[PDB]
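Only one chain is included here, represented as structure tokens and corresponding to the form deposited in one PDB entry.
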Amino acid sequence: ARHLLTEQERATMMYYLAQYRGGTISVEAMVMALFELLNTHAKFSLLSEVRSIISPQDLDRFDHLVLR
């Protein structure tokens, strides 16, 4: 599950690192793409893991804050 999530994001990181090392994208473009990727990982871990210990009356507030 999480390892399959990790593998998909590492394959995406590698796609951007390869474009960078191949000289098709700039270092700035590459760093911004990695940050976008890591931000999606952060939001997804909060929704799939941290959410489990949130009190039921706060579940709606938590989901909107995490996604927005």
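Throughout, rigid core stands for the largest set of C-alpha atoms superposing within 1.5 Å between the two forms. When you see a residue number, it is the position in the sequence shown, counting from 1.
Beyond what is shown, the protein has a form deposited in another entry; the following relates to that form.
*asked:* At a 2 Å cut-off on C-alpha positions, does residue 24 qualify as shifted between this form and the one not shown after fitting the rigid core?
replied: Residue 24: C-alpha displaced by less than 2 Å between this form and the one not shown.
When you overlay the rigid core, is the Cα of residue 12 off by 2 Å or more between this form and the one not shown?
Moves: no, less than 2 Å.
task: Could you tell me whether residue 19 and residue 41 have their C-alpha atoms closer or farther apart in that other deposited form than in the shown form, knowing the shift is 3 angstroms or more?
output: Compared with the form shown here, the C-alpha atoms of residue 19 and residue 41 sit farther apart in that other deposited form, by 3 Å or more.
Exercise for review: Pin down for me whether the residue 13-residue 63 Cα distance shrinks or grows in that other deposited form relative to this form (closer or farther, change of 3 Å or more).
Suggested key: So the answer is closer.
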